[PDB]
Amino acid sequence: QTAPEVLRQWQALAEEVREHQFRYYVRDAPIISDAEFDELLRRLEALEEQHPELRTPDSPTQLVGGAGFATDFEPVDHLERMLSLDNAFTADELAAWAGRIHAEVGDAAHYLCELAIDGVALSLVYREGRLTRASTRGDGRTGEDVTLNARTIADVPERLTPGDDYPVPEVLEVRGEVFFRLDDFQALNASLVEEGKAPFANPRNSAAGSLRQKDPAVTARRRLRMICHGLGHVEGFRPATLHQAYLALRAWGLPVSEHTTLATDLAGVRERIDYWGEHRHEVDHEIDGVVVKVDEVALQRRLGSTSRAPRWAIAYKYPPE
């Protein structure tokens, strides 16, 4: 029937051609010359001539030549429970979250502080260094499939950057947040009203809408941003602490925020919360809060996580004006 090498060659070539189709048509940004693409396409068709078994309706060469890229928001499973975080709006609410941690975890706590972005939660699963799937939060177990749209974001790399320091992991799930910069938010709104479309009330809604598009070409045009702030199921990584895990993401080419600091005790946490209270509007995107998490992975595990929220993290949300 088909030889092992026959199938290997075909899948390899189909995948390469399929991907270039995505960049040229969907993202409108090809990474190879058109002439080269023509070479690849011919070879694919040649192979399909050679072997008619492989010719299928889903093949790049036959029945999806023009365009077969759509997003149907199919439910997809998250590798790890991705739960929403508990919120803390007062210093007093802080306090319980502060002491309780010290009761269970003890004195070797070391809380990580990160700015809280107000956009849409996005989960990426980056198997063998390739982006296999992007999905929304949903109910925490399963979410909608917006992989195609996630591939168009400038900030989201398709492939991980290999290096000796941080070897590319096997199966890697990295959570993050998609958002718009204030300037771009206004810009997109202007473009929208220019073409008769209704503008968005805020950047959160604007980003959510721009991501949730049935046709990913639409999302490719908008300047969505991304910042990775969490790790889901990871294989072959074993990052000791959360902050150390961030170096890994950095080495792999993933977007990370530059306003993350480590606070040894509650007092350090309070400073950051206070500081970002006066300076949070200086940032180019919407920051509604400060996120505090126990940095040590091993310690985190002990504290565990409740039915719908982690016990090792809490988000301080600044009061609305």
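From 1 onward, residues are counted along the sequence shown.
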Comparing 310 to 318 with 4 to 12, the higher average Cα temperature factor in the PDB entry belongs to 4 to 12
The stretch whose C-alpha atoms carry the larger average B-factor in the entry, 290 to 298 or 46 to 54, is 46 to 54
Note to self: of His102, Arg159, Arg223, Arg137, the C-alpha temperature factor tops out at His102
One of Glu170, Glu80, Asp164, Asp118 has the largest Cα B-factor in the entry, namely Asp164
In terms of its chain's C-alpha B-factors, the third that includes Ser206 is the lowest
Tertile call for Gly143 (CA temperature factor, within chain, third-based) is the lowest
In terms of its chain's C-alpha B-factors, the third that includes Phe37 is the highest
Tertile call for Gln213 (CA temperature factor, within chain, third-based) is the middle
Binned into thirds over the chain's modelled residues, the C-alpha B-factor of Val26 lands in the middle
